[PDB]
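Taking the form deposited in one PDB entry, here's one chain by itself in structure tokens.
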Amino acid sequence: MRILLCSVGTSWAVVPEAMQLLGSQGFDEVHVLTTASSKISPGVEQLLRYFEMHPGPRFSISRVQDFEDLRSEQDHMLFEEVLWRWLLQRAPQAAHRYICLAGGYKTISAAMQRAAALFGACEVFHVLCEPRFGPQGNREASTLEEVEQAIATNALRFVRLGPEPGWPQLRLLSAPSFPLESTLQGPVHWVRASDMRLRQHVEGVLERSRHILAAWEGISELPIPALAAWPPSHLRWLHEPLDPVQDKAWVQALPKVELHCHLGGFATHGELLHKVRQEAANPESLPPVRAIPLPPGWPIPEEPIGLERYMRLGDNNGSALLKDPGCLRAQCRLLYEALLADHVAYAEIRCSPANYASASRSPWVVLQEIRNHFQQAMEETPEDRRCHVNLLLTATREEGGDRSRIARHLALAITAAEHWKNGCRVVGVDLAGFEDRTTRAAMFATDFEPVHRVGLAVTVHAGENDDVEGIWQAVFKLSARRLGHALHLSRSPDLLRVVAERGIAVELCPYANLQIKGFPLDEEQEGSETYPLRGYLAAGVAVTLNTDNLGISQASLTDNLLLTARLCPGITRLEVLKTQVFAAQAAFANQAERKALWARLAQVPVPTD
């Protein structure tokens, strides 16, 4: 809890004097950093003597290797880097520090205070002992018996200066980020600094701190303000192309947003299918496993397979299995686990409760059970590990919008919108079948005004066919906020400009689009038939990268982000961060959900290169 450092330049007796700041409350964990000269050797020996004569708090002394006396600016920079590394390692928490300024022979105290200013503390103080000590009773206490005479019969006054909270940018730095090499050559720690990397980090943070004109246009336009704390080299690494094989660890560790994830396309083949098939409540009404051979090369097929073949790939799950309550529970828990393993911070799961509704299970029962499964899954999860799952309701069935089904669907959506305000809740409706004319006419003939009034947003499956007019009508007559796919916006620059200026999100799915429609892979220049992601980002379009069916596509979200280097050659890692930012901004999340998601996306993993 409490940590006391009080680095020793000389005069070992300062440290035992400094551990009586709190009194009969203790200093919990105690560490010491010192210059490893011959003079200190008696001092460190006597510090060990005092430590062994008074048990209690953890005791560690760290002498610096190849540093015998601070003698210049460079000998001070070396100790300053070692001080910062030992500080971050021995006191990991940003505000658990009781920094002691006493005991500096040459600028040690100044550097210690400056480190307190730069990294933070909760008490930067100085210790004074009365001069009623020594052989003649005229100096301070510099002996074990003198130290005890000081501790008892109170003679210690403590000048507290302040907590000094420290720089916000430098508080993100930790010991694992900057390893410090230590050798236990005895009971005393022996520390050396390998590279001057903390020093460069801190100085770079402090340069743009005082830079006025040079700082601007060098860190601006950056999608996340936390990236302005990033080193200039880590920012250059962001403006360079994504590596699909080297940046896999980075993308996997990236907090991500999922806005397009159908529930019924998750456990459609393999072990997940047989798990959702074994958690069944009724194991004898369960449909047989239909032989569905995956296309050769899956998830990357040699030729596009089309939409109907893609849909029939997910025929072992969906309405087949999820009408069983046990299968639906297994499906929801396993999909939440798959979202957890992929570092998905926020997710909007598209579900169609009527497709999973049985004779004894009305659509509202199915929807309520799905919501409760996801709510339990999130409630069993720590808040900085949690994925906030929201729910969307889908309007399926190409070729015919029978007015009875949309009315049941939208009414269910409206009832569920007002039933839950916290945790998992229904936040919108997804309008599938938009790629027809009868279902599309039924959608535009349906009144979505109650949906708009209750706070539900609208998404549409877009751009599978080059239908600009359908996009126009969904945007302005349906008040849709997001477009699914929409792979042919670039053909009409006017619709591009409208979508970009109105902030309408485009939900791109790399593997799904590649498998259903087909796109170039590993091309050298852009061309005409290339995936439209780069051209949408250049237009100013809020592009979001999602899956569609985790099972049918046989892919996670991180793999989908990895493919963008193969689908769009030259895509940078900053563009991936921008895509995550667009997905966060476009999510149908309320205030608390949005703040939580933006708090999770500020924790972008640092590049390990």
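Throughout, we count residues from 1 along the sequence that is shown.
Beyond the structure shown, there is the form deposited in another entry, which is absent from this document and is the topic of what follows.
Two rigid parts of the chain rotate against each other between this form and the one not shown, and of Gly23, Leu213, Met53, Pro382 the one at the hinge is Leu213. CA of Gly463 to CA of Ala267: closer by 3 Å or more in the other form than in the shown form. Figure legend: C-alpha atoms of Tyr536 and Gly463, shown here, are separated by at least 3 angstroms more in the other form.
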